[PDB]
Structure formats: structure tokens, C-alpha cells
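Novice: Sharing a structure here in C-alpha cells format.
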Amino acid sequence: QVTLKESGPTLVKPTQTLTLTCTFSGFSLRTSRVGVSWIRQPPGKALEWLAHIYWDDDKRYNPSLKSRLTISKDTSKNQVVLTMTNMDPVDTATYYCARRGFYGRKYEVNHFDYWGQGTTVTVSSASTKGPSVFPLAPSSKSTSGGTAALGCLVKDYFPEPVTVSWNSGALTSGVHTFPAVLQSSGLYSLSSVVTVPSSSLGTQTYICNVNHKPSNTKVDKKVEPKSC
Amino acid sequence: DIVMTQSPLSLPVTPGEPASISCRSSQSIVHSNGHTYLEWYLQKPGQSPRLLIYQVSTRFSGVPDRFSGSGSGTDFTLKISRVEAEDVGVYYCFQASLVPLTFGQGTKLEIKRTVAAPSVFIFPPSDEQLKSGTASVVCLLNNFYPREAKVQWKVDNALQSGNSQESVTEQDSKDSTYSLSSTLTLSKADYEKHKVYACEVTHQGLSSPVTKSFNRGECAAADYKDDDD
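If you read the protein sequences in the order shown, they are chains A and B. In terms of the working numbering, the first sequence is residues 178 to 405. In terms of the working numbering, the second sequence is residues 43 to 271.
As C-alpha cells, then:
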């Protein structure tokens, strides 16, 4: 399988320079005719194309950001790099790399095929901060007609994103991780919630896994009902 | 330059029904080589967009028969013949013939589905958080449709404003529902001045409002357990 993966800084102070990387697997840039683009999506906004690099090292750039963009290649490490200078709060976004592949023996067909998972970039003067994680304990007040809710409250972290699985190894059916909201304090908060059978609530362990890559923190919180 | 418009931006559709999206470009997107590089994507919430159609009308592999594209020149159409639950998300058309390559503004498809009341749950602050000097009370409206909902907070029977905040998930791709959290935000001290914390949910699926509440520092009655030695 071919795969692309973005990495780079998650936080860049305004006016500073962003370097993002797209590593490829399953084929070798160095030997292929494919193009590679960078595309970004600010939260709640449309996709915007940024830059493209062809196999031969020709390059195109979005006219309105050209002066601040550089796309380049490192074929010994199988990467494609984006440098973006003078970062601005309006540049906070998910950045994706996408491949434009060729199909047919003679090279008859091209179109973008694979995109990376994306990487979240935030432009801000604020420091990085790890989350505190708190149980949302199941009770009769969090139950209705054979169904019970419990959760984790993931709070006081910066910047985005946090990932939350359930059970040290994702289990699902009724898992809801709410989009984060930026608090009054300027830190993010969110809840992740799961609904389960209410009459097997005390048979089962529910231990929520929180990872915040920017700060290096990983937390596992045992969520137990009761107090008294 | 080269502008891409989509119509409409919000598309409500009853499952099993046809659906149709427009994508017009302000000048021809026919590449000099003769080909028209028109691509359509489906983006699921917080996730990487996935290619449906390329070259105007060619369905990418793994993409179900119900998806098809058409038009030419400046006029384009994505057609879904039989809308499923799995098709919810945001659709984008993308011209990749001309620099700068451009995407349309995106069309959110919504499943028109069928009415469902929210389940209402409430969660007091944990002792852990109280420890650090903040209190967060979470109310939870699970698995409802449609989106519109009114969640009101009452602390010792007074209506709160300005200290709560909502967060909504996207339409579930399997059941077509939403879920929403409302979080009450207070200092530990303000939290301790009061006893009854109440979350009040109104929704066109419930016949009258449902309230859920608890009393600070007390275990609820339904949660009776015998004492130990």
C-alpha cells in the first residue's frame, strides 16, 4: 500500500517559519513520475491548495502566498518539504500532502489519489501545556432505559489536538469525542463520552486513554461510578 | 483567476432518495491537453478527504455505484442516486487543470432521517477537579435528531447565562443522529454556594421539557447502597 504521513511542529509563534514534512512509503520518490501538493484547511473552512512539485522539480504556488512558500524534495529520505515563512494566526490549519499519481503503462492518466492523515498547525504566542483528565462518573443521573453514559473530561491543554481512545485499544459502538472548545483562560477543553449497558456497569472496567503529542503527555484515567 | 462555486451549501436528503450537487467554474477548466481535471471528494468530520470521482465522470476504485459525475466545460454535477446514511459529510469539487488549483466551498449533506428524542445525562464535577479549584458540570444529549435543541441550566432554580458552552458532534454516519454536550463552568467557590444543579432539555421529539439534576455532595436516591461496618 502507498501511504503518506505529515509531521512537523504543531505550534509556531507568529512571524516565525513553519517547516512541514510528508514522508512516503510503498514506493520511492527518486524513481517515480508523480507530483506532490500541499493543501490546508483551517477549522470550519474549505480546502485551500498551497503548492505543487512535479517529479522533475518544477513547482507551482498559490499566487497569493508564493512570496512566503517553498516546496522542496529530499528523495534520499523519501520526503517532500514545505517551508512557510512569517506565520500568521490566519494560517492556523490542518495541512495535508497529496500525491498526483499516474496510471497506464504509457502514462495516460493522472489525478490526485492519496492524501496524508493531515497535521494540525497552530500559530500562537502561547506556550505548550499538558492536559488534566478527569472522570465523568456513571450514576443513576447518567442512565436511561437500559443505557448508561460515562466519560473523560480533558481539560487545560494547549494547543490542539488531543486524541482519546477507549479501553487502551479503541472500542466503540457509542463513543463520542466532542470538538474541543477554547476556554476563557485560553486553554482547550473537551469531553469524550461512551454509552454502555447500564446493568453491567459494575462488571466492566472503563479506562480512558489520552495522548497530547505536543506536550508529550499520555494519561490513562480509570472511570469508576460511586462516591459513598 | 479561477473560481469554483457549489450549490447548495447545505443539502438535507431523505435516505433512499436521489441527491445532486452543482459545481460551476468561472472559466473553462479544460486543460490544454484536452482533458478536464475535475475531482470530487467526500470529507468526513476531522478526517482526510477521500476521492470519489476524477476526470469529471470516472469513479475512483472502492467507490459505490450510486455516485456519478457529469457535465463539461464550466458545468459540473455530482449525482448520488440512492442516498445512504454513510454518505453524510462535506463534498468538494476540485479543479486540477489550472494554477492555482482550486476547490469549491463545500456542500454539507444531511440525512433527513426521522425524529428521535435525546437521552439526557448529567455529571457532577469529580473530586479531582474540585481539588484544582474549578468545577465543571456536564450535561449530555445523546443520539438525537434533528439538530436544533435548547439546553438550559438552573442552579438552585435560577436560570444561568454566560457560563455555559455547547459542543456538537457531526451526524453519525451509521444512525444519522447527533450528540451534544453542555458544560457549566464555575469556580470551586461558586460551585459550593449552591445545592441543586439542573440541566433542562427541550427538543421537538420530547412532548415537554426533560430535566436532570443532582444535589451537590449527595449520592442520589436511586443509587442507594447499604452502609458497611
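Backbone N, C-alpha and C fix where the C-beta goes; we use that ideal spot for every residue, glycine too.
Shorter than 8 angstroms from the beta carbon of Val-370/A to some beta carbon of chain B?
Specialist: Against the first sequence, residue 370/A aligns to sequence position 193. Yes, because at least one Cβ of chain B sits closer than 8 angstroms to the Cβ of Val-370/A.
Novice: Can you have a look at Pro-167/B and say buried or exposed, based on whether 16 or more other CB atoms are within 10 angstroms of its CB?
Specialist: Position 125 of the second sequence holds residue 167/B. Per the 10 Å Cβ criterion, buried.
Novice: Please go through the same chain and pick out, in chain order, the residues whose beta-carbon is closer than 6 angstroms to the beta-carbon of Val-125/B, but skip the five residues on each side of it.
Specialist: Taking the first residue of the second sequence as position 1, residue 125/B is located at position 83. Answer for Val-125/B: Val-55, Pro-57, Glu-59 and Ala-61, listed in chain order.
Novice: Suppose you measure from the CA of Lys-395/A to the CA of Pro-106/B; what does that come to, to the nearest Å?
Specialist: Residue mapping note: residue 395/A aligns to position 218 of the first sequence, counting from 1. Residue mapping note: residue 106/B aligns to position 64 of the second sequence, counting from 1. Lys-395/A and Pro-106/B: Cα-Cα distance of roughly 39 angstroms.
Novice: Near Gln-48/B, which residues of its chain fall below 7 angstroms by C-beta distance, leaving aside the five closest residues on each side in sequence?
Specialist: Taking the first residue of the second sequence as position 1, residue 48/B is located at position 6. For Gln-48/B, where only same-chain residues beyond five positions count, the Cβ hits under 7 angstroms are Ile-63, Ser-64, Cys-65, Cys-135, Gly-146, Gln-147, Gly-148 and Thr-149.
Novice: Just to confirm, is the Cβ distance from residue 280/B to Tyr-187/B under 8 angstroms?
Specialist: Nothing can be reported for residue 280/B, as the shown portion of chain B is limited to 43 through 271.
Novice: How would you list, in chain order, the residues of chain A whose beta-carbon sits under 8 angstroms from the beta-carbon of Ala-262/B?
Specialist: As a working note, residue 262/B is residue 220 in the second sequence. The answer, in chain order, is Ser-316, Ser-317 and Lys-318.
Novice: So, is the C-beta of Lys-267/B closer than 8 angstroms to a C-beta in chain A?
Specialist: Residue 267/B sits at position 225 when you count from the first residue of the second sequence. Judged by the 8 angstroms Cβ criterion, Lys-267/B is in contact with chain A.
Novice: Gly-278/A and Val-211/A look like a contact to me (Cβ under 8 angstroms); what is the Cβ gap, rounded to whole Å?
Specialist: In the first sequence, the residue the question calls residue 278/A occupies position 101. In the first sequence, the residue the question calls residue 211/A occupies position 34. Confirmed, Cβ separation roughly 5 angstroms.
Novice: Report the neighbours of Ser-309/A on chain B: residues whose CB is nearer than 9 angstroms to its CB, in chain order.
Specialist: For the purposes of this step, residue 309/A is taken as the residue at position 132 of the first sequence. Chain B residues near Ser-309/A: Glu-170, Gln-171 and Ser-174.
Novice: Looking at the structure shown, is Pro-266/A part of a helix, part of a strand, or coil, going by DSSP?
Specialist: Counting from one through the first sequence, the residue named residue 266/A turns up at place 89. The answer is helix: DSSP assigns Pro-266/A an H, G or I state.
Novice: For the beta strand (DSSP E) that contains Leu-143/B, what are its first and last residues?
Specialist: As a first step, residue 143/B must be located in the second sequence, where it is residue number 101. Premise fails: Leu-143/B is in no beta strand (DSSP E) and is neither H nor E.
Novice: Below 8 angstroms, can you find three or more Cβ-Cβ pairs linking the region 255-272 of chain A to the region 282-290 of chain A?
Specialist: The region 255-272 of chain A is not in contact with the region 282-290 of chain A.
Novice: What does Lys-254/B reach in chain A if we use C-beta pairs closer than 8 angstroms?
Specialist: As a working mapping, residue 254/B is identified with position 212 in the second sequence. Under the 8 angstroms cutoff, chain A gives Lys-318.
Novice: At 9 angstroms on the CB atoms, spell out the chain B contacts of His-288/A, in chain order.
Specialist: The count along the first sequence starts at 1 and reaches residue 288/A at position 111. Result: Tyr-79, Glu-81, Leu-93, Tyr-96, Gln-97, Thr-100, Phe-102 and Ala-138.
Novice: Under 7 angstroms Cβ-Cβ, which residues of chain B neighbour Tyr-273/A?
Specialist: Translated into positions along the first sequence, residue 273/A becomes position 96. Within 7 angstroms Cβ-Cβ: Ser-90.
Novice: Return the chain-ordered list of same chain residues with a C-beta closer than 6 angstroms to the C-beta of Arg-237/A, the five sequence neighbours on each side being excluded.
Specialist: Counted from its first residue, the first sequence places residue 237/A at position 60. Excluding residues within five positions, the ones whose Cβ falls inside 6 angstroms are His-229.
Novice: Look at the Cβ atom of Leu-182/B, then the Cβ atom of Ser-223/B, and state whether they are nearer than 8 angstroms.
Specialist: Working through the second sequence from its first residue, we reach residue 182/B at position 140. Working through the second sequence from its first residue, we reach residue 223/B at position 181. It is a contact, given that the beta carbons lie within the stated cut-off.
Novice: Looking at the secondary structure, which residues open and close the beta strand (DSSP E) in which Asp-251/A lies?
Specialist: Taking the first sequence and counting its residues from 1, one reaches residue 251/A at position 74. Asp-251/A -> beta strand (DSSP E) spans 246-251.
Novice: Using only alpha-carbon positions, find the residue among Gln-97/B, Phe-163/B and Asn-184/B that is nearest to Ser-139/B.
Specialist: Locating residue 139/B in the second sequence gives position 97, counting from the first residue. Among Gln-97/B, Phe-163/B and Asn-184/B, the Cα nearest to that of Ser-139/B belongs to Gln-97/B.
Novice: Given a cut-off of 8 angstroms on the beta-carbon distance, is the pair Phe-109/B and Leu-80/B in contact?
Specialist: Taking the first residue of the second sequence as 1, we reach residue 109/B at position 67. Taking the first residue of the second sequence as 1, we reach residue 80/B at position 38. Their beta carbons are not under 8 angstroms apart, which means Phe-109/B does not touch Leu-80/B by this criterion.
Novice: I'd like the span of the alpha helix (DSSP H) that includes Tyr-233/B, first residue to last.
Specialist: Numbered from 1 along the second sequence, position 191 holds the residue referred to as residue 233/B. Looking at the DSSP string, the run of the alpha helix (DSSP H) that includes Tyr-233/B is 230-233.
Novice: What residues in its chain sit with their C-beta under 8 angstroms from that of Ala-262/B, if we drop five residues either side in the sequence?
Specialist: The sequence position of residue 262/B within the second sequence is 220, counting from 1. Taken in chain order, the residues that qualify are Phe-256.
Novice: At which residue ranges does the region 96-169 of chain B contain complete beta strand (DSSP E) runs of 3 or more residues, listed in the order of the chain?
Specialist: If we require 3 residues or more, the beta strand (DSSP E) runs fully inside the region 96-169 of chain B come out as 109-114, 117-122, 131-137, 149-153 and 161-165.
Novice: On the criterion of 16 or more Cβ atoms from any shown chain inside 10 Å, does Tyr-83/B qualify as buried, or is it exposed?
Specialist: Sequence index remark: in the second sequence, residue 83/B carries index 41 (1-based). Buried is the call here.
Novice: Closest to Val-339/A by C-alpha separation, out of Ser-350/A, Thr-349/A, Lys-306/A and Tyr-272/A, would be which residue?
Specialist: Position 162 of the first sequence holds residue 339/A. Among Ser-350/A, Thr-349/A, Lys-306/A and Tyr-272/A, the Cα nearest to that of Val-339/A is on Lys-306/A.
Novice: Looking at the unbroken beta strand (DSSP E) that takes in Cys-405/A, where does it start and where does it end?
Specialist: As a first step, residue 405/A must be located in the first sequence, where it is residue number 228. Here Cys-405/A belongs to no beta strand (DSSP E), and DSSP marks it neither H nor E.
Novice: Going by the CB atoms, is the gap between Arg-245/A and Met-261/A shorter than 8 angstroms?
Specialist: Counting from one through the first sequence, the residue named residue 261/A turns up at place 84. Counting from one through the first sequence, the residue named residue 245/A turns up at place 68. Yes, these two residues count as a Cβ contact at 8 angstroms.
Novice: Report yes or no: do the region 353-367 of chain A and the region 203-211 of chain B share at least 3 C-beta pairs separated by less than 8 angstroms?
Specialist: A contact exists between the region 353-367 of chain A and the region 203-211 of chain B.
Novice: Measuring CB to CB, does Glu-212/B end up less than 8 angstroms from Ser-52/B?
Specialist: Against the second sequence, residue 212/B aligns to sequence position 170. Against the second sequence, residue 52/B aligns to sequence position 10. Against a cut-off of 8 angstroms, the Cβ pair of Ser-52/B and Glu-212/B comes out as no contact.
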